[PDB]
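S.K.: Residue numbers (UniProt numbering), protein chains in the order written: chain A, 294 to 341; chain B, 52 to 292, 315 to 508; chain C, 634 to 682; chain D, 537 to 585; chain E, 878 to 921. Even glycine gets a Cβ: it sits at the ideal position worked out from N, Cα and C. Mind having a look at this structure? Questions to follow.
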Amino acid sequence: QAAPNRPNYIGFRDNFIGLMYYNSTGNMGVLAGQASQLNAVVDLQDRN
Amino acid sequence: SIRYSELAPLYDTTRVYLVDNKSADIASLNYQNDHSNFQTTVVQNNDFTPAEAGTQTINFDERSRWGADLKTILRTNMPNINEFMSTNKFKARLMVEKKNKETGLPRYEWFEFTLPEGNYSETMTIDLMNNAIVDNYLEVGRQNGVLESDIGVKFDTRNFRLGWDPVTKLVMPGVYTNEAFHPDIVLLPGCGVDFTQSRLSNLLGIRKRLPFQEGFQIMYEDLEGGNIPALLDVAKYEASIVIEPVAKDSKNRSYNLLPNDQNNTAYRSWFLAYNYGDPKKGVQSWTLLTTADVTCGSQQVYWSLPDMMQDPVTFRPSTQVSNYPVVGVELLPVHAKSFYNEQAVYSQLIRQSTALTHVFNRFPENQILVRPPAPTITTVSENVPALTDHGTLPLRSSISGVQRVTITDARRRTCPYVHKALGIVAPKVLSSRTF
Amino acid sequence: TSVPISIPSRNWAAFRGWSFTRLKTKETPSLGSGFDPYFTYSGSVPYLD
Amino acid sequence: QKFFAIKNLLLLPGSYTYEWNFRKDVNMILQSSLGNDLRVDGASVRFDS
Amino acid sequence: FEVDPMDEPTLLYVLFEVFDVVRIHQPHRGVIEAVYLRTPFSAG
């Protein structure tokens, strides 16, 4: 006597959060100039 | 002023330490990062339990342009034969079959070979090639109708002129000499080898006179006049006192004689053509003879720090690991040590007497295909820790608390054989950013 | 039951306040690395959404 | 783009290098109605351009 | 704190509301410079 298997929607996450991975210093991109040599974007580890 | 948030503003050459073994406290930052490319926290402040102290930056002064005094140590346990520096990816063509072709001449095919990855001496690695070059004749070649005395490529360390009397052009005691001069190749013409894909030519010493010109394959038609001679039949010369070249050996194994009456063999050799042919047009004009040199040449490592250092000139500060700005080019700490002996040709018989194995010595009666003798100058590659200096080079002002160290090889990827990385950075004042 | 936890002694210069809540260790990634083993669980982490 | 210093910004002109690292962790890019184990089943995100 | 009993190993999530300010400006064409602040856990 077979009963139906259980559903599982597989979306993305809410507002795609994580597809950009922020909040980890090291492997995070920059917003610098072409030659500014100091990025305007670093972040600290405990800030989500 | 060298400012920090928690402590008082200290002065004028502090010292920041970029260690590796501290990283086990930050057990979440570097999982897929190797031991060379890692991340550590600079601060080493036991008050803050430095899982949380990875954010407290070390703010240098912004009024005077700083400058570091870089020092580092590096000890890398790296095997002499690896899969990383491409010591076991070469091509060596062989004479596969000659039975069922019905075209006369046999068929050839380029075979890619591998080596069991470890750390081996030069007396063994050349004789470990005979675990690679046999296992695609013992696997593929023997099953398709070709005799055992027709194996194309065998590396060798011996000479074939030591009894060559030009009265006769044979070897008068009837045995080839057992000393090891240089590692050359011993070949059947038609099925050459390759080293352009590999770095294994650095191991032997059979490299190229004009090294940059792309494509280096010592094909087996370029060796002209370097025919290995035959044997004077000392079993019949001494039993008659007439001159006979030895055609077949003692187990129905023949050589390759051009006709049977010529006192040369079709088996050629590189060292027999490098120094016993024409010195202007031969292989001597586009190859050269070098040292034994088991180390294969140390490819330099690029010591790099992405965020500690304002970059050297013409470097992008990008985050790609193959584009980090190099802040120092130190030597690879793999170091050559030449251990000499004299009994090593007889120690071959000693190392055979403790095993009773012909496993490592196939074909003991074919005098060409004898196991190549041990050189008297053996070389091994140990690994000395190198405390080195990289002078003085500029500094990013606000150094982050977490910090990446990256060691990068000549192929511009991270080394997997670095297993003790340690950088020491000491700031100082270079110039004045304000007037 | 208890969490005998205390911050290291340092400046508290004019902040706004605490905000404490909870989550499961299985249901929360290790984001400090570039990639995450020990994170078999998948879906609607309390740490982000 | 959710990062606060580049959420809003008024770019006065120039050429700006804009490095970025994306995520291919299929384990935590796909929310589930179940909270199962992804990446052991065989889901795989890929990136064309 | 002291909390209830559970089943899973859990983590005690604290969200200190502690002033994050960025002060960016550009004096040139392609020279952008960021100044940060967070004032405990200081960084600049």
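Would you kindly work out how many angstroms separate the C-alpha atoms of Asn-133/B and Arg-484/B, rounded to a whole number?
M.R.: Numbered from 1 along the second sequence, position 82 holds the residue referred to as residue 133/B. Numbered from 1 along the second sequence, position 411 holds the residue referred to as residue 484/B. So the alpha carbons of these two residues sit roughly 15 Å apart.
S.K.: Taking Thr-318/A and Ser-454/B to be in contact with their CB atoms under 8 Å, please state how far apart those CB atoms are, rounded to whole angstroms.
M.R.: Sequence index remark: in the first sequence, residue 318/A carries index 25 (1-based). Sequence index remark: in the second sequence, residue 454/B carries index 381 (1-based). Not quite, the Cβ-Cβ distance comes to about 38 Å (not below 8 Å), so this is no contact.
S.K.: Spell out a yes or no on whether the region 273-289 of chain B and the region 248-264 of chain B are touching, meaning 3 or more CB-CB pairs, one atom from each, closer than 8 Å.
M.R.: As far as the Cβ criterion goes, the region 273-289 of chain B does not touch the region 248-264 of chain B, which means the pair count is below three.
S.K.: Could you work out which residues of chain E lie near residue 46/B, taking near to mean beta carbons separated by less than 9 Å?
M.R.: The first residue shown for chain B is 52 and the last is 508, placing residue 46/B beyond what the model contains.
S.K.: Got a sec? Which residues, its chain only, sit under 6 Å from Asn-81/B by beta carbon, not counting five neighbours each side?
M.R.: Here residue 81/B refers to the residue found at position 30 of the second sequence. Same-chain partners within the cutoff: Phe-89, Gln-90.
S.K.: Does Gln-294/A get closer than 8 Å to chain C when you measure Cβ to Cβ?
M.R.: On the first sequence, position 1 is the one that residue 294/A refers to. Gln-294/A does not count as touching chain C.
S.K.: Kindly indicate which three-state DSSP category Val-335/A falls into: helix, strand or coil?
M.R.: Along the first sequence, one-based indexing puts residue 335/A at 42. Note: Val-335/A maps to coil in three-state DSSP.
S.K.: Are at least three pairs of beta-carbons, each pair with one atom in the region 299-310 of chain A and one in the region 552-571 of chain D, less than 8 Å apart?
M.R.: Contact holds: three or more Cβ-Cβ distances are below 8 Å.
S.K.: Tell me which same chain residues have a C-beta within less than 7 Å of the C-beta of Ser-377/B, skipping the five on either side of it?
M.R.: Along the second sequence, one-based indexing puts residue 377/B at 304. Cβ within range, chain order: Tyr-397, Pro-398, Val-399, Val-400, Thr-479, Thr-481.
S.K.: Name the one or two DSSP bridge partners that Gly-241/B has.
M.R.: Here residue 241/B refers to the residue found at position 190 of the second sequence. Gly-241/B pairs with nothing; no bridge assigned.
S.K.: With 8 Å as the threshold, decide whether the Cβ of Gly-676/C is near any Cβ in chain D.
M.R.: Here residue 676/C refers to the residue found at position 43 of the third sequence. It does; some Cβ of chain D falls within 8 Å.
S.K.: Between the C-alpha atoms of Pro-679/C and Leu-656/C, what's the straight-line distance to the nearest angstrom?
M.R.: To locate residue 679/C, count along the third sequence from 1; it is residue 46. To locate residue 656/C, count along the third sequence from 1; it is residue 23. Taking the straight line from one Cα to the other gives about 6 Å.
S.K.: Less than 8 Å separating the beta-carbons of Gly-243/B and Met-223/B?
M.R.: If you number the second sequence from 1, residue 243/B lands on position 192. If you number the second sequence from 1, residue 223/B lands on position 172. For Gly-243/B and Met-223/B, no; Cβs fall outside 8 Å.
S.K.: Between the C-alpha atoms of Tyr-315/A and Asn-341/A, what's the straight-line distance to the nearest angstrom?
M.R.: Translated into the one-based positions of the first sequence, residue 315/A becomes position 22. Translated into the one-based positions of the first sequence, residue 341/A becomes position 48. So the alpha carbons of these two residues sit roughly 8 Å apart.
S.K.: Let me make sure I understand the geometry here. Which of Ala-920/E, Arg-915/E, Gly-921/E, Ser-919/E has the alpha-carbon closest to that of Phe-896/E?
M.R.: Within the fifth sequence, the letter at position 19 stands for residue 896/E. Selected option, being the one with the closest Cα: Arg-915/E.
S.K.: Could you tell me whether the Cβ of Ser-329/A comes closer than 8 Å to any Cβ of chain E?
M.R.: For the purposes of this step, residue 329/A is taken as residue 36 along the first sequence, with counting starting at 1. Yes, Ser-329/A lies at the interface with chain E (some Cβ there is under 8 Å from its Cβ).
S.K.: Once the 5 residues before and after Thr-364/B are set aside, which same chain residues still bring their CB inside 7 Å of it?
M.R.: Counting from 1 along the second sequence, the entry for residue 364/B is found at position 291. Contacts found: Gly-256.
S.K.: Kindly indicate the opening and closing residues of the alpha helix (DSSP H) around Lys-287/B.
M.R.: Reading the second sequence from its first residue, position 236 is the one you call residue 287/B. Its alpha helix (DSSP H) spans residues 285-288.
S.K.: Taking Cβ positions, are residue 299/B and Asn-131/B nearer each other than 8 Å?
M.R.: The model of chain B omits the segment between 292 and 315, and residue 299/B is among the residues lacking coordinates.
S.K.: Label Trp-556/D either buried or exposed according to how many other C-beta atoms from any shown protein chain fall within 10 Å of its C-beta, with 16 as the threshold for buried.
M.R.: The sequence position of residue 556/D within the fourth sequence is 20, counting from 1. Per the 10 Å Cβ criterion, exposed.
S.K.: Please confirm whether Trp-161/B and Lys-259/B have their CB atoms less than 8 Å apart.
M.R.: Working through the second sequence from its first residue, we reach residue 161/B at position 110. Working through the second sequence from its first residue, we reach residue 259/B at position 208. No, they are not a contact pair.
S.K.: Just to confirm, are residue 342/A and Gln-383/B a CB contact at a threshold of 8 Å?
M.R.: Within the shown structure, residues of chain A are numbered from 294 to 341, placing residue 342/A beyond reach of any answer.
S.K.: Alpha carbon to alpha carbon, how far is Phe-211/B from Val-226/B? Give it in angstroms, no decimals.
M.R.: Here residue 226/B corresponds to residue number 175 of the second sequence, with the count starting at 1. Here residue 211/B corresponds to residue number 160 of the second sequence, with the count starting at 1. So the two alpha carbons sit approximately 10 Å from each other.
S.K.: Using a 10 Å radius around the Cβ and a threshold of 16 neighbouring Cβ atoms, would you call residue 298/B buried or exposed?
M.R.: Here chain B is numbered 292 followed immediately by 315, so the structure offers no position for residue 298/B.
S.K.: Measuring only the C-alpha atoms, how far is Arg-582/D from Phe-668/C?
M.R.: Counting from 1 along the fourth sequence, the entry for residue 582/D is found at position 46. Counting from 1 along the third sequence, the entry for residue 668/C is found at position 35. About 16 Å.
S.K.: Any contact of the region 332-347 of chain B with the region 428-435 of chain B, i.e. 3+ C-beta pairs under 8 Å?
M.R.: Contact fails: fewer than three Cβ-Cβ distances are below 8 Å.
S.K.: Kindly indicate which three-state DSSP category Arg-906/E falls into: helix, strand or coil?
M.R.: Taking the first residue of the fifth sequence as position 1, residue 906/E is located at position 29. Coil at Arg-906/E, not helix or strand.
S.K.: Pull up the distance between the alpha-carbon of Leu-405/B and that of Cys-369/B, whole angstroms please.
M.R.: Your numbering for residue 405/B matches position 332 in the second sequence. Your numbering for residue 369/B matches position 296 in the second sequence. Roughly 12 Å between the two C-alpha positions.
S.K.: Who are the near neighbours of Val-323/A in its chain, counting only those whose CB is closer than 7 Å to its CB and skipping five residues on each side?
M.R.: The count along the first sequence starts at 1 and reaches residue 323/A at position 30. Answer for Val-323/A: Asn-332, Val-334, listed in chain order.
S.K.: Between residue 298/B and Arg-193/B, what straight-line distance do the alpha-carbon atoms span, to the nearest angstrom?
M.R.: Residues lacking coordinates in chain B include everything strictly between 292 and 315, among them residue 298/B.
S.K.: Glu-230/B by DSSP, collapsed to three states: which one?
M.R.: Reading the second sequence from its first residue, position 179 is the one you call residue 230/B. It is coil, neither helix nor strand.
S.K.: Which residues of chain B have a Cβ atom closer than 7 Å to the Cβ of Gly-322/A, listed in chain order?
M.R.: Here residue 322/A refers to the residue found at position 29 when the first sequence is read from its first residue. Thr-392, listed in chain order.
S.K.: What are the complete beta strand (DSSP E) segments, minimum 3 residues, inside the region 154-183 of chain B?
M.R.: Taking only runs of at least 3 residues, the beta strand (DSSP E) segments lying wholly in the region 154-183 of chain B are 158-160.
S.K.: Cα-Cα, which of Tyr-340/B, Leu-189/B, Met-136/B, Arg-444/B is closest to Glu-272/B?
M.R.: Here residue 272/B is taken as the residue at index 221 of the second sequence, counted from 1. Comparing Cα-Cα distances from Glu-272/B to each of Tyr-340/B, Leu-189/B, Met-136/B, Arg-444/B, the minimum goes to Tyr-340/B.
S.K.: Mind the definition here: the region 386-397 of chain B touches the region 411-430 of chain B only if three or more C-beta pairs lie below 8 Å; say whether that holds.
M.R.: Contact between the region 386-397 of chain B and the region 411-430 of chain B is absent, because fewer than three Cβ pairs lie under 8 Å.
S.K.: Can you tell me the Cα-Cα spacing of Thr-507/B and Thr-64/B, whole angstroms?
M.R.: In the second sequence, the residue the question calls residue 507/B occupies position 434. In the second sequence, the residue the question calls residue 64/B occupies position 13. The straight-line gap from Cα to Cα measures roughly 20 Å.
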